[PDB]
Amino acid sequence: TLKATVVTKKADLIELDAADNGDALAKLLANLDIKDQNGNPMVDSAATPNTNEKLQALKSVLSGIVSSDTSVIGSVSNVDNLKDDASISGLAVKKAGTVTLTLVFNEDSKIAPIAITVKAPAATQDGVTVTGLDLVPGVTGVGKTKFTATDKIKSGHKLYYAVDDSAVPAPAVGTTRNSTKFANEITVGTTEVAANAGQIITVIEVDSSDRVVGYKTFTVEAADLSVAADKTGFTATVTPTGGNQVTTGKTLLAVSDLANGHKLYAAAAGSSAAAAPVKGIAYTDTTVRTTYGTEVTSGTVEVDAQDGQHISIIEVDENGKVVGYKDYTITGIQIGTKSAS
């Protein structure tokens, strides 16, 4: 009954945010003024909740919307794709960037084309709610890095990472998470990444509705990556001991001065050394506790030994964490000879 007669833009530019939910139509509408035959404003009245007057008014006079870059915001050729079912859509944001959306009207309306520049910003560091997000060496394996933070995330928000040789481009704020690109959810102080030094860990923060709000990149340095347990963390001196004092085919692992609350655990004698656990792993870890199943802390423990075989020993601290590692090749001299059992 009322026909849209006058359409004018307010500003030449509109910039999107997270609240815009990665779709420009709501902000494009807010940037347009529509007047009818009477010169009266054409406004979405809340008394008619499931029919938007303003959008419908625009759609009745609009022949299309051209984008300057179809990869940033897709061009609208069929006008009925603009809708207000549940929410206002869709000048859908595909990628972060800046476009000139040019609105073309029908011949009847006689309204000349209106160009509105739309900026869809990339997600940034100040959009990240977790303060002090940083990389530390891993404790689950060797060559691993771990996420740490000082303060918690905002309630409802989540973190996701990507690991690559190059930084993954910052997505537009408000766009729904790229499942493919950012597939690895971060539990802070728990989750670990296998990475090489020099690689980039690209982290995005999403909201409750899986939409990109934050973005931070870390360059993985050798300092941020985990290494095997060293002789550096090994304080005790262990002397394999044989002769007539020790049982035949067994070596006495005589222990000298470990630090007050330290413990020592030996792996069973085998043809080559046992795998050195990552510095910081709990002894209670299944592979660690099964490989290094014999506690040799007392200095009085004697274990099975053959000539060529290796005995690897780990030094665990007061807390229950692996600190030191050293591998011992056994000799016939340090294998026992005393009467059996």
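One rule holds for the numbers: they count along the sequence shown, beginning at 1.
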Item to complete: Output the stretch having the higher mean C-alpha B factor in the entry; the candidates are 279 to 287 and 58 to 66.
Response: 279 to 287
Discussion item. Averaging CA B factors per stretch from the PDB record, which one is higher: 239 to 247 or 173 to 181?
Written reply: 239 to 247
Worksheet item: Looking at 97, 270, 113, 261, which has the biggest Cα B factor in the entry?
Response: 261
Worksheet item: According to the deposited entry, which of 117, 232, 77, 199 has the largest Cα B-factor?
Response: 232
Discussion item. Splitting the chain's C-alpha B-factors into thirds, which one does residue 315 fall into?
Written reply: highest
Worksheet entry | residue 301 - which third its CA temperature factor falls in, relative to the rest of the chain | highest
Worksheet entry | Position of residue 191 among the chain's modelled residues by C-alpha B-factor, lowest, middle or highest third | middle
Practice prompt. Comparing against every modelled residue in the chain, figure out the third that the C-alpha B-factor of residue 2 lands in (lowest, middle or highest).
Written response: highest
Discussion item. When the deposited Cα B-factors of this chain's modelled residues are ordered and cut into thirds, is residue 327 in the lowest, the middle or the highest one?
Written reply: highest
